[PDB]
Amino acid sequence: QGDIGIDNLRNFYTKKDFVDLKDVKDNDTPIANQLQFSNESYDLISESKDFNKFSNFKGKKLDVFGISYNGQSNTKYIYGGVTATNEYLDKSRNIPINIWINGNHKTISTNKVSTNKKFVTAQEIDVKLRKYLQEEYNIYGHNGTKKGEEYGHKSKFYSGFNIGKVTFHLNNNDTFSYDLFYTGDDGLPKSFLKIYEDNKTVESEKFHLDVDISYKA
């Protein structure tokens, strides 16, 4: 009856704790499309369509960041999220953001959207960004504060917004974008998180974000 994608976007992007593993050794299985990181409670399984990258990462110490969802028994899944552990930046870089809210542009940078990775996954930046947008603009509704109240509750999220895009602007002239309100075919994380299966990375010092949020009735 309902759209499970609404609660799932809000939960998985803004309430559930992100995966944040540093310098963890992959288990080096024969599985071509997965890396696997074991701990005392569960195994985290990363899936990617970049088999060549994953082959190179087999048995290496790696960083993992993003959104996980439940697997059978003591397993959890994440799409991509994996980076190498060869070099880092000397400190956290806050990613510069150009943001348009109902067509009105401003700029912001925040400790809440930052990385010290030399190459960071687009996933890590995106999930941090959406958590921040929920905090500041209540984009998915029910953020639990008064921040973003000025935009109303007209959308099916009980928010002011139902259209939005994050655009990664590379030093290039290249870009790529994700839809902030994409719920996949069924509103389930196995579907909507699949956008991260390329394990796309960006050079952290050499990109910025353009963000757009709006409403259409």
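When you see a residue number, it is the position in the sequence shown, counting from 1.
For the two regions 97-105 and 125-133, the entry's Cα B-factors average higher over 97-105. Of the two stretches examined, 160-168 and 144-152, the record assigns the greater average C-alpha temperature factor to 144-152. Highest C-alpha temperature factor among 46, 41, 70, 191, as the PDB entry reports it: 41. Among all modelled residues in this chain, the alpha-carbon of residue 63 has a temperature factor (C-alpha) in the lowest third. The PDB entry assigns residue 75 a C-alpha temperature factor belonging to the middle third of its chain's modelled residues. Ranked within its chain, residue 200 lands in the lowest third, by CA B factor from the PDB record. Annotation for residue 86: C-alpha temperature factor in the highest third relative to the rest of the modelled chain, per the entry. Split the chain's modelled residues into thirds by C-alpha temperature factor. Residue 56 is in the highest one.
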